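Asks: Experimental structure below, sequence on top.
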Amino acid sequence: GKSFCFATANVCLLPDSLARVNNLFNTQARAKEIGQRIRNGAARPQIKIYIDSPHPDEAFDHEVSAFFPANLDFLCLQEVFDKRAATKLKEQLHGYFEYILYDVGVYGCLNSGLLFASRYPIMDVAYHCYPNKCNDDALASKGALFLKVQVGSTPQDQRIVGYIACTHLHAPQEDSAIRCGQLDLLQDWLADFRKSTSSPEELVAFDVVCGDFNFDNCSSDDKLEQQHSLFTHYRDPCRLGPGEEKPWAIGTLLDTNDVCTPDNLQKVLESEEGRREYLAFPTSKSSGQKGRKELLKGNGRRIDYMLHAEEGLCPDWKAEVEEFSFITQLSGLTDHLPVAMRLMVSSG
Ligand SMILES: [Ca+2]
């Protein structure tokens with residue numbers, strides 16, 4: 001079969017006027033470094049020795065990786081706001097990705113923060129902004145970007161295509177109903193885009209959704225979003241059910257409260273104690289702070305998602321998860337862990 005590799009990352013590239021003060025390095029410097037690390041991870045495979053009994057607790061390989069996956073095909077970034085930093089980032093990503101889209105609001109202020117990079121041609125693109133009537137006080141726009149990509153051809157001259165969507169949802173922790181309204185719209189727009197670009201014959205290899213959803217799969221506060229119908233149609237490889245994580249799933253928001261290299265963070269996040277200290281956990285309501293280490297449960301708030309549809313694909317092909325990874329390659333450069341997924345598309 002053919003393998004396709006996706007990654008999502010919130011890279012926190014704000015304008016210097018709004019970013020943390022008293023920094024020796026600006027947003028442009030971090031952006032260049034993020035772009036170089038992504039390129040270097042994607043371009044160079046890590047040593048892969050033979051494994052005789054691979055992933056015995058799951059249907060696919062899963063890990064906390066110090067690198068972006070080699071042979072990455074599609075990259076969805078959020079919070080790419082600073083234009084000069086976005087330029088540095090594009091210059092660096094260009095060494096690996098042939099098709100880069102930024103300023104995506106034009107396909108709907110250019111303040112979505114979304115960037116998409118692809119090794120495969122982009123056939124169609126749509127951007128939709130989530131409604132936010134706020135007396136014109138929003139500094140950024142939250143929204144969803146929809147892509148259709150050309151990924152090959154069959155021996156019968158049928159075009160092989162794939163669908164990708166990336167989004168950044170409403171952030172305030174108490175605003176559960178607003179995120180459910182946004183997920184309702186994301187569901188509607190995914191179907192609208194599929195219909196508008198469906199109209200050579202085409203075979204669908206995959207249909208992926210990713211992004212910074214700003215809700216976890218472990219706290220009672222996010223219970224309504226966890227139960228949303230989107231998860232019925234777009235499968236979350238880290239989930240056993242609403243509010244129930246698989247044992248190997250970890251949080252993706254770092255606790256922002258010192259040289260920590262990708263290898264160091266990897267080792268830290270492979271331990272329960274390191275996760276309790278480095279990752280965000282649901283805040284205790286009586287103190288308004290992260291609960292004492294010994295009382296924390298699970299592996300942290302996972303708010304960055306990487307999902308795949310099982311329905312709607314070519315009936316003759318099995319598109320399944322091959323690998324799922326939480327990435328530490330941007331340690332010190334952003335407050336989220338990038339998430340990646342490889343899908344193996346096979347016949348027979
Ligand atoms: Ca942020």
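Replies: Received, thanks. Residues are numbered from 1 along each chain as shown.
Asks: And for residue 311, the neighbour number?
Replies: Number of residues near residue 311 (other CB atoms under 10 Å) recorded here: 9. Any C-beta I mention is one placed from the backbone N, CA and C, and that applies to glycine too.
Asks: what do you get for the one 4 residues further on?
Replies: Neighbours of residue 315 under the rule other CB under 10 Å: 8.
Asks: Then residue 203?
Replies: 21.
Asks: In space, what's closest to it - neighbours in sequence excluded?
Replies: Nearest non-adjacent residue to residue 203, counting by CB to CB, 6 or more residues apart in numbering: residue 314, 4.3 Å away.
Asks: how far away is that neighbour from residue 82?
Replies: From residue 314 across to residue 82, the span is 40 Å (CB to CB, to the nearest Å).
Asks: Those two: which has the busier surroundings?
Replies: Taking neighbours as other CB under 10 Å, residue 314 and residue 82 compare with residue 82 leading, 23 against 18.
Asks: Now do the contacts for the more buried one.
Replies: 13, 14, 15, 16, 27, 28, 31 (CB atoms under 8 Å, 6 or more residues apart in numbering).
Asks: mind redoing it with 10 Å?
Replies: 13-19, 26-28, 30-31, 88-89, 113 (CB atoms under 10 Å, 6 or more residues apart in numbering).
Asks: Need the max-distance pair from these.
Replies: Spatially, the most separated pair among the contacts of residue 82 is 17 and 89, at 18.8 Å (CB to CB).
Asks: between those two, which one's more packed in?
Replies: For residue 17 versus residue 89, neighbours defined as other CB under 10 Å are more numerous around residue 89 (28 against 7).
Asks: where's the more buried one, which helix or strand?
Replies: Counting by DSSP states H and E, the element that carries residue 89 is helix 83-93.
Asks: which helices and strands sit right next to that helix?
Replies: The helices and strands touching helix 83-93, judged by 3 or more CB pairs under 10 Å, 6 or more residues apart in numbering; DSSP states H and E, are strand 2-13, helix 27-43, strand 74-80, strand 99-102, strand 115-118.
Asks: buried residues in that helix?
Replies: 85, 86, 88, 89, 90, 92, 93 (16 or more other CB atoms under 10 Å).
Asks: do the same with stretch 151-164
Replies: Neighbour-count burial for stretch 151-164 flags 151, 160, 161, 162, 163, 164 (criterion: 16+ other CB under 10 Å).
Asks: Now it - C-alpha only, CSV.
Replies: Taking Å, rounded to 0.1, in the frame of the first residue of the first chain, the C-alpha atoms of stretch 151-164 are listed here in CSV:
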residue,chain,number,x,y,z
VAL,A,151,-2.1,12.1,-4.3
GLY,A,152,-1.7,9.9,-7.4
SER,A,153,-3.5,8.1,-10.2
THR,A,154,-4.7,4.5,-10.8
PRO,A,155,-3.7,2.3,-13.7
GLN,A,156,-7.2,3.1,-15.1
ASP,A,157,-6.4,7.0,-15.1
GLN,A,158,-8.6,7.7,-12.1
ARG,A,159,-7.3,10.5,-10.0
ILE,A,160,-6.5,9.6,-6.3
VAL,A,161,-7.5,12.4,-3.9
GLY,A,162,-7.6,13.2,-0.2
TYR,A,163,-9.4,15.5,2.1
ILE,A,164,-7.7,17.5,4.9
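Asks: how far out from the middle of the chain is that stretch?
Replies: Offset of stretch 151-164 from its chain centre (CA atoms, centre = their mean, to the nearest Å): 24 Å.
Asks: Against residue 154, how distant is residue 50?
Replies: To residue 154, residue 50 is 32 Å away according to CB to CB.
Asks: make that residue 118, sorry
Replies: Counting by CB to CB, the gap from residue 118 to residue 154 is 21 Å.
Asks: what's the answer for residue 255, then?
Replies: According to CB to CB, residue 255 and residue 154 sit 48 Å apart.
Asks: what about the strands in the stretch 201-348 of the chain?
Replies: All strands of the stretch 201-348 of the chain, identified by DSSP state E, counting those that start in this stretch, fall at 202-212, 234-235, 239-241, 244-245, 283-284, 289-290, 304-309, 317-327, 339-347.
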